[PDB]
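A.B. asks: Before anything else, here's the structure in question.
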Amino acid sequence: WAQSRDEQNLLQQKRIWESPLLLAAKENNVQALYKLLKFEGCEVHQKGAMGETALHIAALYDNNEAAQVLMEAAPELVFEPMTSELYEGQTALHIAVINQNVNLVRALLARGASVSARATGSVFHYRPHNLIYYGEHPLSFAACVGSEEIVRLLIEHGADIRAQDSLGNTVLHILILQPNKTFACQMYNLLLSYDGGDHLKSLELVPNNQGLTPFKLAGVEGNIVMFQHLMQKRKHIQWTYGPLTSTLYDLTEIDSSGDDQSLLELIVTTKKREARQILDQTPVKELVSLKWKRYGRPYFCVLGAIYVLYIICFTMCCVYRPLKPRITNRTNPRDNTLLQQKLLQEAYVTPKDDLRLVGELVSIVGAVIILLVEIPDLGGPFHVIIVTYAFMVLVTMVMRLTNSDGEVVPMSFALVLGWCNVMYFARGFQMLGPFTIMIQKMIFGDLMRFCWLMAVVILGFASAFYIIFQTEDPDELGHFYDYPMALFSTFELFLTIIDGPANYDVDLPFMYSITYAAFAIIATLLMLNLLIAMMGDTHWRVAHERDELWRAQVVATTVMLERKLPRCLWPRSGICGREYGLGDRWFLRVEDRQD
Ligand SMILES: C[C@@H]1NC(=O)N[C@@H]1CCCCCC(=O)O
Ligand SMILES: [Ca+2]
Ligand SMILES: [Ca+2]
Ligand SMILES: [Ca+2]
């Protein structure tokens, strides 16, 4: 698809070269323009390859003299938008605004150009393949390019600031998505002065079609500069007392008020890395930290203590299980067999099995609640693990209820998952907090990078160890008799977790001494590289990534508790405005100091 527009741009330049009219507009050849329009009368409405006019060409190459001649010789061309699918809707005013050609904009002003004309072309979509997203309307273009002169010049002649684009985004939303934040704060504040000024229907409330006001979009986008500028509207100051300044914050669109209206939920859900810094801002970081110090951290330790007691109950119900009498003469055939197994299907004997019978009941009623609080639908893995645990005890109470021969196969998956899920609560206390973040980011990151190389390497040498020690009885030295144990043992030789095949009472094969020497050297090389490849994330920037991503996870956890927990526990943060001078809304007191 990228070649299509490249072909069409090269095709356009060919049609610019072929068409002498469009050529004179590109080169500003005013002397040639008259000869083609008067002395050898051609079509002045001559369309280009992009459905453009000679005026559309004279617009992007900033030569007003060629555009002036076309609008004087045919004032019908101004209203015409480009008809091609790439550039559909773009008038000659759009190009004049985005190129900051103020004189062409003011000349198209006198022609009565459409200020409400929508540029719906595929090159104006908010997509990665478009280098920028300036919007739909020419007023949106004037605000994004950073020309306050064109913004006011457009509003003077009927430009509607409320006009929402293809994605229902107002011009205020579009300024948040721009790069130059420090300058665009004046443009945002400038555009708001033209608003009606009524307390209702203010343009700061007109939301994106994805339910997002401009103040709320700044947080999700990670625009730290706009979010601070957008905070002064929502900031009340109680008093100034020496160096201290008790300031009262609004907390309306911030914090858990509605379902998905809360900014905090939008910050933790969005994948934007910059959005985590809105959490560290003065109005919010004081909120979430106080939501954590009280009603946040204690309940997380309660659920932690409950879960630890819930699992240590289920774990204690797994060490004590129905007895496993071999009771078969199958143990003598196939010396490899090493099992004493099975159930005898009875839990009704009522001695001390009733203690683990209610322990099994607690596990099932706990799992069905776990499966009925999570499946009704970052700390993702440590929440998928919980439902797979509940899934694994629904396969350790159903197939195990019907007397399965291998009923311990899914009980081990249930055990390690829910047990290693306890360090989910490691984000509770500060010491273990950032440590659990480091192990999680390193699994998807650096485990795959070394495991695929380890897999390719062990596959090489485990096969070369199979092929040599298949040519030998495994009664002695039999470290890898068949291919499953060939991959398993060599995988273990790779991690120094076996003594390595070593038998000296009897002689070894000729090639093992040579092959394992190369293996031990490559095994340590890849092991040292694995040690120093994950070392790369020890930079001073990562030190913040170690700490902040834990805080971001704690705040993400802090919202996870309050959203589902009842209202009687954990009251609404801040103090309500009713019974005070304010108006039934909840505000946060934060006093600081300036040195
Ligand atoms: C130069 C092209 N000729 C023309 O008349 N309009 C085009 C404008 C190009 C803008 C592409 C914006 C984008 O990348 O989406
Ligand atoms: Ca060792
Ligand atoms: Ca040993
Ligand atoms: Ca070591």
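Chain A is numbered as in Swiss-Prot; the shown residues are, in order, 69-445, 460-677.
Determined by X-ray crystallography, 3.7 Å, according to the entry header.
Cβ atoms here come from the backbone N, Cα and C positions, even for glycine.
Found this in Swiss-Prot, in case it helps:
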- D581: Ca(2+) binding site (BINDING)
- 565-584: intramembrane segment (INTRAMEM)
- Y201: phosphotyrosine (MOD_RES)
- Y202: phosphotyrosine (MOD_RES)
- 235-276: repeat 'ANK 5' (REPEAT)
- 580-584: motif 'Selectivity filter' (MOTIF)
- 388-424: topological domain 'Extracellular' (TOPO_DOM)
- 483-488: topological domain 'Extracellular' (TOPO_DOM)
- 509-528: topological domain 'Cytoplasmic' (TOPO_DOM)
- 552-564: topological domain 'Extracellular' (TOPO_DOM)
- 585-595: topological domain 'Extracellular' (TOPO_DOM)
A.B. asks: Treating G and I as helix alongside H, and B as strand alongside E, what does DSSP give for the topological domain 'Extracellular' (552-564) in helix, strand and coil?
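C.D. replies: DSSP composition of the topological domain 'Extracellular' (552-564): 0 helix, 0 strand, 13 coil.
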A.B. asks: Among the modified residues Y201, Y202, whose Cβ has the fewest other Cβ atoms within 10 Å?
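C.D. replies: It is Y201 that, of the modified residues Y201, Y202, has the fewest other Cβ atoms within 10 Å.
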A.B. asks: Do me a favour and check the Cα-Cα span between the residue listed as 'Ca(2+) binding site' and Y201 (phosphotyrosine); whole Å is fine.
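C.D. replies: Between the Cα atoms of the residue listed as 'Ca(2+) binding site' and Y201 (phosphotyrosine), the distance comes to 62 Å.
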A.B. asks: Is the topological domain 'Extracellular' (552-564) packed against any residues at least 6 beyond its ends, judged by a Cβ distance under 8 Å, and which are they?
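C.D. replies: Apart from its flanks, the topological domain 'Extracellular' (552-564) reaches 544, 570-572, 575, 580, 583-585, 588, 590-591.
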A.B. asks: What else in the chain is close to the topological domain 'Extracellular' (388-424), if you only count residues 6 or more beyond its ends and a Cβ gap under 8 Å?
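C.D. replies: Long-range Cβ neighbours of the topological domain 'Extracellular' (388-424): 482, 485, 487, 489.
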A.B. asks: Gap of 14 residues, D445 to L460: Cα distance in Å, to the nearest whole number?
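C.D. replies: Those two Cα atoms are 16 Å from each other.
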A.B. asks: Mind tallying the topological domain 'Extracellular' (483-488) by DSSP state, helix then strand then coil?
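C.D. replies: Computed counts for the topological domain 'Extracellular' (483-488) are 0 helix, 0 strand, 6 coil.
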A.B. asks: Counting only residues 6+ away from its ends, which parts of the chain sit with a Cβ under 8 Å from the topological domain 'Cytoplasmic' (509-528)?
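C.D. replies: Here the qualifying positions are 365, 368-369, 372, 461, 463, 612, 615-616, 619, 628-629, 631-632, 635-636, 639.
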A.B. asks: Those recorded positions, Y201, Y202, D581: which ones have a Cβ sitting under 6 Å from ligand 3?
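C.D. replies: Among the recorded positions listed, those whose Cβ sits under 6 Å from ligand 3 are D581.
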A.B. asks: Around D581 (Ca(2+) binding site), how many other C-beta atoms are within 10 angstroms of its C-beta?
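C.D. replies: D581 (Ca(2+) binding site) is surrounded by 8 other Cβ atoms within 10 Å.
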A.B. asks: Against which stretches of its own chain does the topological domain 'Extracellular' (585-595) lie, if we need a Cβ under 8 Å and a gap of at least six residues from its ends?
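C.D. replies: Distant contacts of the topological domain 'Extracellular' (585-595): 546-547, 550-551, 553-554, 558-559.
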